[PDB]
Amino acid sequence: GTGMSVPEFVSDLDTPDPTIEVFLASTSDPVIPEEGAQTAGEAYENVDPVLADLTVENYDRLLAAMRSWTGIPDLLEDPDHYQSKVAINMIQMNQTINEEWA
Amino acid sequence: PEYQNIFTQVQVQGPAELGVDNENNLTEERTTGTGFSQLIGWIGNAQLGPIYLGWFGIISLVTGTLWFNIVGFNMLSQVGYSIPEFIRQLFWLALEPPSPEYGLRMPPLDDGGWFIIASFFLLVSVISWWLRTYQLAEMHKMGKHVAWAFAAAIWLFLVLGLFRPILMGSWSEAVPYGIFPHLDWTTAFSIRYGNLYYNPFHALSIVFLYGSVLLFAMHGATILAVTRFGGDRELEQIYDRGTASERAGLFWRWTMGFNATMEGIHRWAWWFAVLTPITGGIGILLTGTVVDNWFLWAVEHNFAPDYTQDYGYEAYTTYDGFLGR
Amino acid sequence: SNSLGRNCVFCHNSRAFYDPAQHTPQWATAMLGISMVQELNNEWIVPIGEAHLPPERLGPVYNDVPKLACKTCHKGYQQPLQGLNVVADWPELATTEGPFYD
Amino acid sequence: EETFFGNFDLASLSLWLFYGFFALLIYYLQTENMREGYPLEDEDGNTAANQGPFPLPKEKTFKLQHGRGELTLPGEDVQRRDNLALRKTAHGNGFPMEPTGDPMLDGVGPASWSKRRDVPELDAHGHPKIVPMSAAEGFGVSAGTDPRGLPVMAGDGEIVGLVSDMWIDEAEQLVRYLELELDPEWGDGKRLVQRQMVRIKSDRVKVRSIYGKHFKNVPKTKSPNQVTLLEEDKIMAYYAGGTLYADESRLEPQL
Amino acid sequence: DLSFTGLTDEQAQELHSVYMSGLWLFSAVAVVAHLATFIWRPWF
Amino acid sequence: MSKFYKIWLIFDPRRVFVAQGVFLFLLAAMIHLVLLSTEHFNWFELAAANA
Amino acid sequence: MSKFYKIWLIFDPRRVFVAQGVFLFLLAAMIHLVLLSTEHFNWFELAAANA
Amino acid sequence: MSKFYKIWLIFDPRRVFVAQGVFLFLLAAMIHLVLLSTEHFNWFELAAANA
Amino acid sequence: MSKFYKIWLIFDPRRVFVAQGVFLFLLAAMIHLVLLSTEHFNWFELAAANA
Amino acid sequence: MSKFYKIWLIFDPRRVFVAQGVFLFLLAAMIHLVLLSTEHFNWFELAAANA
Amino acid sequence: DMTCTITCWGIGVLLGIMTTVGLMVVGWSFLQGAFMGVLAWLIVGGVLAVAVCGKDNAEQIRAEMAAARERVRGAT
Amino acid sequence: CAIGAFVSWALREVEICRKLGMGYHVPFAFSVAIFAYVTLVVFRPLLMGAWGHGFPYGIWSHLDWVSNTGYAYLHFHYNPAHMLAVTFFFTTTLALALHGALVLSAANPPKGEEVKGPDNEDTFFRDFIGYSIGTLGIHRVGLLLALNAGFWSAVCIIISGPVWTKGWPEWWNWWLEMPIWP
Ligand code: BCL
Ligand SMILES: CC[C@H]1c2cc3[nH]c4c(c3C)C(=O)[C@H](C(=O)OC)c4c3nc(cc4[nH]c(cc(n2)[C@@H]1C)c(C(C)=O)c4C)[C@@H](C)[C@@H]3CCC(=O)OC/C=C(/C)CCC[C@H](C)CCC[C@H](C)CCCC(C)C
Ligand SMILES: CC[C@H]1c2cc3[nH]c4c(c3C)C(=O)[C@H](C(=O)OC)c4c3nc(cc4[nH]c(cc(n2)[C@@H]1C)c(C(C)=O)c4C)[C@@H](C)[C@@H]3CCC(=O)OC/C=C(\C)CCC[C@H](C)CCC[C@H](C)CCCC(C)C
Ligand SMILES: CC[C@H]1c2cc3[nH]c4c(c3C)C(=O)[C@H](C(=O)OC)c4c3nc(cc4[nH]c(cc(n2)[C@@H]1C)c(C(C)=O)c4C)[C@@H](C)[C@@H]3CCC(=O)OC/C=C(\C)CCC[C@H](C)CCC[C@H](C)CCCC(C)C
Ligand SMILES: COC1=C(OC)C(=O)C(C/C=C(\C)CC/C=C(\C)CC/C=C(\C)CC/C=C(\C)CC/C=C(\C)CC/C=C(\C)CC/C=C(/C)CC/C=C(\C)CC/C=C(\C)CCC=C(C)C)=C(C)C1=O
Ligand SMILES: CCCCCCCC/C=C\CCCCCCCC(=O)O[C@H](COC(=O)CCCCCCCCCCCCCCCCC)COP(=O)(O)OC[C@@H](O)CO
Ligand SMILES: CCCCCCCC/C=C\CCCCCCCC(=O)O[C@H](COC(=O)CCCCCCCCCCCCCCCCC)COP(=O)(O)OC[C@@H](O)CO
Ligand SMILES: CCCCCCCC/C=C\CCCCCCCC(=O)O[C@H](COC(=O)CCCCCCCCCCCCCCCCC)COP(=O)(O)OC[C@@H](O)CO
Ligand SMILES: CCCCCCCC/C=C\CCCCCCCC(=O)O[C@H](COC(=O)CCCCCCCCCCCCCCCCC)COP(=O)(O)OC[C@@H](O)CO
Ligand SMILES: COC(C)(C)C(=O)C/C=C(\C)CC/C=C(\C)CC/C=C(\C)CCCC/C(C)=C/CCC(C)CC/C=C(/C)CCC=C(C)C
Ligand SMILES: COC(C)(C)C(=O)C/C=C(\C)CC/C=C(\C)CC/C=C(\C)CCCC/C(C)=C\CCC(C)CC/C=C(\C)CCC=C(C)C
Ligand SMILES: [Fe+3]
């Protein structure tokens, strides 16, 4: 009797957000670190936030993900481009969003 | 079926009527020149003109055109003198009342000074049209019912624009001059002071508005059903009762147990219509000055309903179940 | 309402917009989101961009740094990506401390 | 803002004052509408025991134009019919009445007329208000189909005569009556039809209320140039009564 | 509008005959059209 | 019965012919559109497919 | 046939001539617009694609 | 063909003249705008792209 | 072509003159506005561009 | 062209003059406003920026 | 001649329906095409009920009426 | 029960009209109000798929329904058919006030004066505003205005649910992005 309800067409309810499928085609399962695995900092010259990560996790995070989610094909290749400097901050901001705003 | 009397079958035209006169010499100020429209004549009269020009009407027309042009030119200048954009956003533009920080003092022309100058010209125009409506009855030797009915609406007009801002202490309480902007004012006024549904005088105004529309459906329909007995000649039916009045009264007497007379139904109509702005203005004048939250007032005076069930969509369904997943 | 694709009676009973006893449970999470947006704009998004962003990303008037709000992530949907679990496969973006692969 | 006592504040005082005013206004409005038809009577013409909860109003006077006099209301019923051919179908109250002879000729039921003044209605200059078009200087058909010269068809499908003239209200510029000349087979003379009871088509003019055999008994005006209010009421009521009395199937249940 | 007020007997035989002459013409044309359509794209 | 001409004495040819014409045109147009709404019988899409 | 000319003894030449003109132009415009709404039979796009 | 001149015995020349003028101007305007709505036949853009 | 002067045996000159006076100005204004809505032929923007 | 004075034998002088005055004032006002709506030809803004 | 006026208003209604469908083929949406269709109806159908229905029939009657209006003036 | 009662009331008015020999305008006018109520409790609910979309039967609880149903489309004032319906309501009340005032002023002159006729009423209104509809036209116009008010009200509610889902301001976008605009 209140009139409190939300109306929607059923052709619209059956149409998913069209980017859900793009995500599922760019995602992979984590690789569990082994005993004394070699990290990314002992294989290249990188930045502190992404340095204690392993080589395989470095590979999936960087290319398979960050360079496809933001369509920047050469992200984090030159350590002096402004895009790398802002992406390093965006990594920490994305971590704090998930950690302190649960 | 039988003829229903909504459109005239055949029209007849003769010499134009120039009007009645008496010792007050109304002819001296009437314009000469009339026209005829056969499109309108399918429903009502076809003659157009003439009109009476006194000083009250001329002053009202001049000062109302001034108000219109101050608003229109301010709206045009707000957009950069771009005519196509002026047309594109016509329904969205307005001349805004002053800011609350200025109180009842005179604000800068950019922040409400033109609004106050234009409001003074609209005031003058409206009061002049009312003095014309009173003078013409006096000159025609008739009653003053039209002027009183007009003053009833002028009461709410003045309450909205003049009285309440003064009692509240700010010119910022007035209504903006716009199409959409004035409707946003209505919604914001209702939201700011609780819920205007729970203002009892708002409910009374709604009662009388509903009653006035129900009565023109009933009166218009009743008069059109007795036009085969000469029922549209109401004044002679008042002066000499005929069968049309008797049948019209007996229909409603047999329907709902009581009826009216030919003269007395117009008093009913006059009062219901007049009572809408009076109760509305009394309701508006009490807001902010006395009562600040009408829903809390209703809770205090015990006519606010209570509900037992819960709030939330997940008390009734699931997000996945609403999508078909 | 236009950012979530919902209406007013979602999170409100319109007879009393002020009364905390007549709100739905979504009102509280929206209240949390207001503070999260205010913190993200003032602490993370504006400070970077005033230091690295090129002149061609600074908006028409005031040379403003672009900012975010509720629709930057929802996109006219009730939940972002309609509630896809996007953080289970990426433990590296879930915490500020070392990635927990347990 | 403060309260006078309990929860009573300025809004409550205003509301109760309006309640009292509205009660007085309802009393005034109901009393003003009782200037015709009272006191109440029973089905035998005697004054009824019950007269209702409201008393009758005091008197008002109307000063009429053209030297017609004064009218004081409430007063005696001057429009009352004298000898009605009607019969009671029950001994008490609340049951219908039956006509004694011909209902259409006796002016009872839907054919009833009221005894109005036996003079024509006047306009502002003191002249009769409704005039035949053949004597109205300057008037002509400006729109629609002109019905003059067309044959007239009755409700049962018979041609009874031809339209000869139209009677118009010159002050309001409106057609009020159509004048019909009858064929010798269906009567003699001329009759009138009010405009609201005809349908004018391209080749005919249709009157559905009455049949052909009823066209000779339509009341006739005394003068060929003017019609009084009483004649108007008797002519209009005659046509109105045919909607119920023309055929026996119009009076029985339609089911 | 009825001014003819009824047809006669001999004013109807000729009518029927001419009306029948058009109906048969329209139907022959429709039959050929349907045959060609069936030859082009059958539905049975 | 052998000659059915006796049906036009209870009718007026004018309105019968008008109604006939309107009915024929409307039914033909609706059949054509219904065929156009079908995948297999839409001849405009078939030319594009035979290209 | 040979008696179709008697159609003008029932129908008015002036009413038939205005109605037929309106119907014919409306049908021609409708058919041209239906052709313009396709892919294979839109000559304005065909001219652009060819050249 | 040699007797089409009798069309003026049924149609009032004034009415047909007014109607034909309005029809012709409206048709010309519609065709010009339809040409303006395309890409290959827009002469305002071709001048821009050829200079 | 030498008998066109008879057009005034059919049309009232006053109505024709009024209609033509309205039509010519409306068409001229429409064309002058159509030119201003493009980039190449807008003379107000071109003057600022070359300053 | 030496006989253009005959327009006064068709149109009444009184009406034509009123329409001409109204038309001319409205056109002049529209053109002045159109000039005011630009950046290059707004002389108030030019005077503001040149000092 | 009220029957020619109604015909002229109906040709306007029909032109309006055609204006909507034509703008939609060219790229406009329904409501955008229907506002333009309503104006085509009202402007054109109105214009034709004044101009075409005002060329009323009269033949030498038209002539004399006009030649006599040309006699009212001359002494007015 | 309410639907049955309303239909029986209309059919009783029809019989009273038939007995008195009058026209059938009043039952036809009442049919419009019946149509606005059946749209609110039967037509919109059936289209939307549940009887729970009707308004409740309570003096102060059927206003809560109205409030919540309008904010479910964000800003209800921007509904195009609601704007037409409100205009019709206000115009009927202004015309009823004018008609009642004119008749009463004609029948009740100042003390010591004679009564007035229709000529005087026609004249006052042409002097006041330059036009007079007449004694017969005013009733036709009042009836038409009232019936148009109730029909447009029914339309405003039946499009709000089953035809439109978004806010009503957004519906105006067709005007704001018309291709003619620069
Ligand atoms: C969110 C919206 C709020 C709301 C907010 C308001 C506000 C705010 C107000 C109304 C008011 C009213 N509301 Mg409410 N109202 C709501 C919901 C409703 C609903 C419903 C849901 O069905 C209804 C039926 C109504 C109806 C009404 C009316 C009964 C009343 C106006 C009275 C009147 O006389 O109007 C007719 C209008 C007038 C008489 C104005 C006067 C006009 C003057 C005289 C014009 C002068 C001439 C002019 C300047 C010249 C023009 C140019 C000429 C062409 C020359 N409201 C909700 C709760 N309502 C008003 C009232 O009185 O409140 C109690 C008011 O101020
Ligand atoms: C709420 C009621 C509204 C109203 C209604 C109203 N006024 C009207 C009319 C109507 C319906 C007319 O038809 C009549 C008129 O002719 O307007 C152009 C008029 C009028 N109301 C006027 C005044 C007026 N009305 C006012 C108020 C109002 N009147 C309200 C807005 C006011 C103010 C400010 O309150 C004013 C000052 C004048 C503009 C005009 C007075 C009539 C007059 O002077 O007529 C002279 C005669 C003529 C020759 C002009 C007629 C035009 C044609 C050349 C005639 C041929 C007719 C043609 C076939 C159709 C065109 C007519 C159209 C109106 C349909
Ligand atoms: C009892 C309450 C109801 C009511 C009654 C009422 N209204 C009234 C009256 C009465 C009894 C009058 O006597 C008076 C009147 O003149 O009525 C014909 C009037 C009136 N009520 C009006 C408006 C109005 N009333 C409203 C409300 C109501 N009035 C209630 C429903 C409403 C709303 C918001 O619902 C409005 C908008 C006016 C039509 C009129 C008051 C006339 C007046 O004061 O005019 C001042 C004039 C000017 C602004 C100067 C003219 C400048 C114009 C901007 C342009 C030129 C005029 C031109 C004629 C208009 C444009 C048309 C063009 C084609 C020329
Ligand atoms: C253009 C349409 C307008 C209109 C027309 C109209 N109504 C009419 C008429 C006409 C022409 C009559 O002739 C007729 C009449 O007799 O009037 C005296 C009537 C009428 N319209 C009425 C009222 C009315 N009209 C309204 C409005 C309108 N009616 C419109 C403005 C409104 C509102 C809300 O604005 C109301 C309340 C009645 C007074 C009357 C006759 C109805 C009637 O008596 O019906 C018989 C039924 C009963 C006596 C009781 C029925 C009981 C039910 C079985 C139970 C109740 C359930 C109900 C749904 C509960 C609601 C609770 C609320 C708090 C929500
Ligand atoms: C010029 O022209 C005109 C007139 O005129 C000259 C007019 O006037 C009017 C009319 C206008 C007015 C008078 C103005 C005021 C009107 C209004 C403001 C309109 C608003 C009206 C109301 C608020 C009141 C309306 C009342 C209604 C709708 C309900 C009334 C109905 C009943 C009480 C019951 C109906 C009775 C029926 C159906 C018959 C009984 C049924 C039976 C089976 C009979 C069997 C017997 C019994 C069961 C036992 C006894 C029954 C009894 C006593 C009946 C009562 C029932 C009870 C339950 C007690 C107009 C318009 C007009 O333009
Ligand atoms: C000759 C014949 C005369 C006939 C005419 C008489 C008409 C008016 C006469 C009497 C009305 C008296 C009714 C009063 C009862 C309620 C009391 C009241 O108003 O209470 C208010 C509460 O406000 C409301 O409840 C809102 C009222 C809405 C407005 C009208 C509704 C009609 C809507 C619908 C109609 C349906 C029912 C209709 C029924 C008619 C009902 C009037 C606050 O209380 P308070 O007393 O102010 O508080 C101070 C205290 O606390 C101190 O301590
Ligand atoms: C509380 C009581 C009612 C029950 C509660 C539920 C219903 C509430 C709704 C409406 C009530 C209307 C009831 C009317 C029924 C009348 C029955 C009837 O027929 O009663 C007559 C007596 O009545 C009359 O003469 C008419 C009475 C007025 C009509 C209603 C007015 C509605 C005005 C305004 C709108 C109202 C909204 C409120 C504004 C709140 C304001 C604060 C007997 O016959 P009579 O011969 O005429 O006697 C008289 C004379 O002649 C003597 O001789
Ligand atoms: C059939 C099923 C019914 C449907 C069930 C639904 C329930 C609700 C429906 C209807 C209720 C109305 C019932 C009442 C009708 C009574 C019948 C009637 O009226 O019967 C008459 C008898 O009179 C009476 O019984 C008088 C009634 C007095 C009315 C009160 C006046 C004000 C009232 C209101 C003011 C309103 C203001 C605000 C209000 C708040 C404030 C009240 C026979 O008359 P009679 O023999 O011809 O002559 C005699 C005549 O003159 C007068 O005695
Ligand atoms: C707050 C609102 C409350 C609800 C609404 C009722 C109040 C509104 C006002 C009036 C209602 C109508 C009552 C008065 C009219 C009735 C008719 C009448 O009086 O009839 C008389 C017979 O009666 C009497 O002799 C008076 C005794 C009346 C007692 C009943 C009281 C009813 C009280 C209440 C209703 C039912 C209670 C039972 C259920 C419980 C609650 C659910 C016949 O004589 P007569 O021929 O008329 O006399 C001629 C005379 O007229 C000459 O002038
Ligand atoms: C699949 O589902 C759907 C719904 C889509 C369907 O398709 C359903 C389809 C059906 C149910 C279809 C049903 C179809 C019919 C019943 C069709 C019937 C058709 C006719 C009877 C047609 C009649 C046509 C008549 C014609 C063309 C007559 C012509 C006559 C003349 C040219 C002669 C008249 C002229 C003259 C001169 C008369 C002489 C005059 C004189 C004065 C002597
Ligand atoms: C530029 O183009 C031209 C020239 C054609 C124009 O002129 C165009 C003009 C327009 C396009 C104009 C458009 C105008 C509107 C859209 C106007 C809308 C107006 C309203 C909705 C107005 C509402 C006004 C008032 C209301 C709602 C209530 C009350 C008001 C008042 C009582 C006002 C009276 C003010 C007083 C008494 C204060 C005066 C101050 C003093 C100190 C005495
Ligand atoms: Fe009336």
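Our subject is the structure listed above.
Summary of the structure given here. (Residues numbered from 1 in each chain as written, not as in the entry; some residues may be left out. Chains lettered and ligands numbered in written order. Part of a larger assembly, values for the part shown. Heavy atoms only, no water.)

**Here's the deal with the coordination of the iron ion (ligand 12)**
1) Next: At 2.1 to 2.6 Å from the iron ion (ligand 12) lie its protein donor atoms, namely B:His219 (NE2), B:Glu234 (OE), B:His266 (NE2) and L:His99 (NE2).
2) Next: Geometry at the iron ion (ligand 12) is tetrahedral, judged from the four donor atoms that bind it and their angles of 89 to 134 degrees at the metal. Placement of B:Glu234 in helix α7 (residues 234-239) and of B:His266 in helix α9 (residues 264-285) is noted, with a sequence separation of 32 residues between them. Just as B:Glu234 is buried, B:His266 falls in that class too. (Donors = N, O, S within 2.8 Å, 3.2 Å for Na, K, Ca; no water. Tetrahedral: all angles 85-135°; square planar, octahedral: opposite > 155°, others 65-115°. Helix = DSSP H or I, 4+ residues; strand = E, 2+ residues; numbered from the N terminus. Buried < 20%, exposed > 50% of the residue type's maximum accessible area, 1.4 Å probe, protein only.)

**Points about the pattern of salt bridges**
1) Next: This model, assessed by the stated rule, comprises 38 salt bridges over all chains.
2) Next: Notably, a salt bridge pairs B:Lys144 with B:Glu138, separated by 3.9 Å at the nearest N-O pair.
3) Next: The partner of D:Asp77 in a salt bridge is B:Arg241, with the nearest N and O atoms 3.0 Å apart. Of this pair, D:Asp77 sits in the loop between β2 (70-73) and β3 (86-88) while B:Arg241 sits in the loop between α7 and α8 (243-256), each in a different chain.
4) Next: Using a relative accessible area of 12% as the deciding quantity, one classes B:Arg241 as buried.
5) Next: Residues joined by salt bridges that share partners form a network here, namely B:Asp232, D:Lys129, D:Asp169, D:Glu172 and D:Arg176. (Salt bridge = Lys/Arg side-chain N within 4 Å of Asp/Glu carboxyl O.)

**Observations regarding empty space enclosed by the protein**
1) Next: The tally for this structure, following the rule as stated, stands at twelve cavities of 30 Å³ or more.
2) Next: Considering only enclosed or pocket space, the largest cavity measures out at about 370 Å³ in volume.
3) Next: The wall of the largest cavity is formed by 30 residues, among which B:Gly44, B:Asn45, B:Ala46, D:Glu172 and D:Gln173 lie closest to the centre.
4) Next: When contributions to the lining of the largest cavity are tallied by element, the ones reaching two or more residues are β1 (10-13) of chain B, β9 (174-182) of chain D together with α5 (118-129) and α6 (137-160) of chain L.
5) Next: Classifying every residue of the lining of the largest cavity by side-chain character gives ten nonpolar, 13 polar and seven charged. (1 Å grid on protein atoms, 1.4 Å probe; cavity = no way out; pocket = protein on both sides within 12 Å on 5 of 7 lines; lining within 4 Å. Points joined across faces, edges and corners; volume = space filled by probe spheres on them. Nonpolar A, V, L, I, M, F, W, Y, C, P; charged D, E, K, R; others polar.)

**Description of the environment of I:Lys6**
Residue and element names in this part refer to chain I.
1) Next: Within the fold, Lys6 resides in the segment before α1 (13-36).
2) Next: The exposure class assigned to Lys6 is partly exposed, which follows from its relative accessible area of 36%.
3) Next: Sequence spacing of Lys6 and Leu26 is 20 residues, and the spatial spacing of their C-alpha atoms is 27 Å.

**Some words on the interface of chain B and chain L**
1) Next: In this complex, chain B contributes 82 residues to the contact, which on the side of chain L involves 78 residues.
2) Next: By the criterion of area lost to chain L, the three top residues of chain B are B:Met142, B:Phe216 and B:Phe251, representing 10% of everything that side buries.
3) Next: Inspection of the region where chain B meets chain L yields 29 residue pairs in polar contact.
4) Next: By residue class, the composition of the side of chain B that touches chain L is 47 nonpolar, 22 polar and 13 charged. (Contact = heavy atoms within 4.5 Å. Buried area = accessible area lost by both parts, 1.4 Å probe. Polar contact = N/O pair within 3.5 Å; in protein donor to acceptor, adjacent residues only side chain to side chain.)

**With respect to the state of the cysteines**
1) Next: Across all of its chains, the model carries one disulfide over all chains by this definition.
2) Next: At a sulfur-sulfur separation of 2.0 Å, the disulfide partner of K:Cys4 is K:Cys53. Taken together, the residues span a long stretch of sequence, with K:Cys4 in helix α1 (residues 3-26) and K:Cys53 in the loop between α2 (30-51) and α3 (61-72) at a distance of 49 residues. In terms of burial, K:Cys4 and K:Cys53 fall into one category: buried.
3) Next: Take L:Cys156: it sits in no disulfide, and the sulfur closest to it among the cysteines is that of C:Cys8, at 20 Å. (Disulfide = S-S within 2.5 Å.)

**What to know about the coordination of the magnesium atom of ligand 1**
1) Next: Counting protein donors to the magnesium atom of ligand 1 gives just one, B:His202 (NE2), placed at 2.4 Å.
2) Next: Inspection of the secondary structure assignment puts B:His202 in helix α6 (residues 200-225).

**A look at the environment of C:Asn2**
1) Next: Structurally, C:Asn2 can be placed in the segment before α1 (26-45).
2) Next: Since its relative accessible area comes to 52%, C:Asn2 is described here as exposed.
3) Next: Each C-alpha atom, one on C:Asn2 and one on C:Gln79, is 13 Å from the other, the two residues being 77 residues apart in sequence.
4) Next: Excluding residues within four positions of it along the chain, C:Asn2 makes contact with C:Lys71, C:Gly76, L:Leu74 and L:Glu170.

**What to know about the site of ligand 8**
All names here are of chain D.
1) Next: Every residue close to ligand 8 is listed here: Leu40, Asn50, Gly52 and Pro53.
2) Next: One of the side-chain N or O atoms of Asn50 is found 3.2 Å from an oxygen atom in ligand 8.
3) Next: Contact with the protein chains removes 14% of the 1,200 Å² of surface that ligand 8 exposes when unbound. (Near = heavy atom within 4 Å. Areas by Shrake-Rupley, 256 points an atom, 1.4 Å probe, with all protein chains shown as cover.)

**Regarding the arrangement of the chains**
1) Next: The protein chains that touch form 21 pairs of chains, and the pair with the most contacts between them is chains B and L.
2) Next: Considering only C-alpha positions, the minimal separation of the non-contacting chain B and chain E is 17 Å.
3) Next: With no contact formed, the shortest span from any C-alpha in chain H to any C-alpha in chain L equals 11 Å.

**A look at the packing of aromatic side chains**
1) Next: According to the stated counting rule, one finds 79 aromatic pairs over all chains in the structure shown.
2) Next: Each ring, one from B:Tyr198 and one from L:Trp60, has its centre 5.2 Å from the other, and the planes form 10 degrees; the classification is stacked. One end of the pair, B:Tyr198, is in the loop between α5 (181-192) and α6; the other, L:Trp60, is in the loop between α2 (25-48) and α3 (62-70), on a second chain.
3) Next: Judged by relative accessible area, which is 1%, B:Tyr198 ranks as buried.
4) Next: Judged by centre distance (6.0 Å) and plane angle (75 degrees), the ring pair of G:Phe44 and H:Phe41 falls under edge-to-face. With one member in each of two chains, G:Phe44 in helix α2 (residues 43-50) and H:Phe41 in the loop between α1 (13-36) and α2 (43-49) form a pair that bridges those chains.
5) Next: Aromatic ring contacts, followed pair by pair, group B:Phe91, B:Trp92, B:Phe180, K:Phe35, L:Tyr78, L:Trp171, L:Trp172, L:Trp174, L:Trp175 and L:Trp181 into a single cluster.
6) Next: Just above the ring of D:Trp113 sits the side chain of D:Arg81; from NZ or CZ to the centre is 3.8 Å.
7) Next: Here the basic side chain of D:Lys234 rests over the ring of D:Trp113, its NZ or CZ set 4.3 Å away from the ring centre. (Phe/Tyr/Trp six-rings, centres within 6.5 Å; stacked < 30°, edge-to-face > 60°. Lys NZ or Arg CZ within 6 Å of the ring centre and 35° of its normal.)

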